[PDB]
Each structure stands twice: as structure tokens, then as C-alpha cells.
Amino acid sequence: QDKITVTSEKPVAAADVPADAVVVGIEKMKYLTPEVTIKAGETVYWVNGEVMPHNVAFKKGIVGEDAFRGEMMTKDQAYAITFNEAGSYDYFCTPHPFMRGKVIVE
């Protein structure tokens, strides 16, 4: 089905993120780590630092045949995606498509 596994449909509190996680922070309309590289099976967390809501989304054909739109995080919410397959995955923020980043899975 999908190259990815979503954990929780819902955003979790940043207080729920584990200490050893790879975390991509979001501040000032930017993903703070624009290119992160993990191994298949690892989970990436995004944590929104600001009051502007931000999500993580994938166009069609990137993590599956369909498009994927994560739920919106408000301030200090976090969001997790587990990447099962090796590859390069671009995401963007649905209401702010100039916000982009990528995950390299190997």
C-alpha cells in the first residue's frame, strides 16, 4: 500500500516525543532540517514551534499511489511518520506549499 506507516492520525504533544527521536523542527515558516536521512523502519517526528499551523503532505506517487495530507499541528504539537522503504520523499505544507523538505531513506 504505502511506503510509510502512520502511527497516529492525530498530532501528539511535543512532550510525548521520545528522547532519541530524529526531530524536524518547524519555525518561521520553515522546516528547520530540510533534508534528513534515516534507515528504512525509522520514524521522523516534526514538531511545530509556532502558532501558525503546519502539516506534512506528499503529492501523488511519492509515499503511495495516492496523495497523503497529514493533520495540522498547532504550537508544540508533533507528528510522526515511519518510513519503511528506501528512497527520496519530498513533502510540503498543504496551505504553505513554498514550505518543502525531504526525507532520504536508505
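Numbers follow the displayed sequence, beginning with 1.
In this entry, 7-15 has the higher mean Cα B-factor, the comparison being between 89-97 and 7-15. In this entry, 16-24 has the higher mean Cα B-factor, the comparison being between 79-87 and 16-24. Of all the options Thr33, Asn55, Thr74, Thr43, the entry's greatest CA B-factor is assigned to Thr43. Per the PDB record, residue ranking by Cα B-factor puts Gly64 in the highest third of the chain.
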